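Below: one structure, written as structure tokens.
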Amino acid sequence: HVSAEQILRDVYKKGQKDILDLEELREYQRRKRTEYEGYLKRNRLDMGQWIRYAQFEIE
RNA sequence: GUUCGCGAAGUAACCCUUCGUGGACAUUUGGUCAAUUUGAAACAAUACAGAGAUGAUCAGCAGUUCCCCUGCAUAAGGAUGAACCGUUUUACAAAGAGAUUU
Ligand SMILES: [Mg+2]
Ligand SMILES: [Mg+2]
């Protein structure tokens, strides 16, 4: 039987569906810092991004 | 080189030369910069696509940015010039209940 809730359950179920040396580490680091410094040069605010980027440098 | 002397020598006679000699005049340019590759413009060609809020096709104005280009520009253009679309955990406590230990 067809109702709107069963349509939206169908839509929800539809849309729901190796560092080995130091140079690979430096590339991972350079790429991630370009990411975070980009999203912080654009939005100077948003302290949560600052805490995540600081936790990244802790890791 | 010029000029004022001061001596000698040639003719001298008060001039004119050769020569030595004291003074005067005139007195510090240019480089931030070496002459083809190795101290720094850049575009353009072959290949792929064929422009944002869309169900489709479009008008735009902004904003933020350690991106700028054309412009005489504080005007206006550059796809509304473009990038924007991701990753997301703790100022962490109170009352009650069920098991372990003392
Ligand atoms: Mg714009
Ligand atoms: Mg504009």
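Residues 12 to 28, 36 to 77 in PDB author numbering are what the first sequence spells out, letter by letter. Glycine included, each C-beta is placed from N, C-alpha and C at the ideal position.
Rounded straight-line distance, which links the Cα of residue j to that of residue i
{"i": "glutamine 73", "j": "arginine 62", "result": "18 Å"}
{"i": "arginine 60", "j": "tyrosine 54", "result": "10 Å"}
{"i": "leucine 43", "j": "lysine 24", "result": "37 Å"}
{"i": "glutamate 41", "j": "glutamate 75", "result": "17 Å"}
{"i": "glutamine 17", "j": "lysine 28", "result": "17 Å"}
{"i": "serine 14", "j": "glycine 56", "result": "46 Å"}
Contact under 7 Å by Cβ, residue i with residue j
{"i": "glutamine 47", "j": "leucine 58", "result": "no"}
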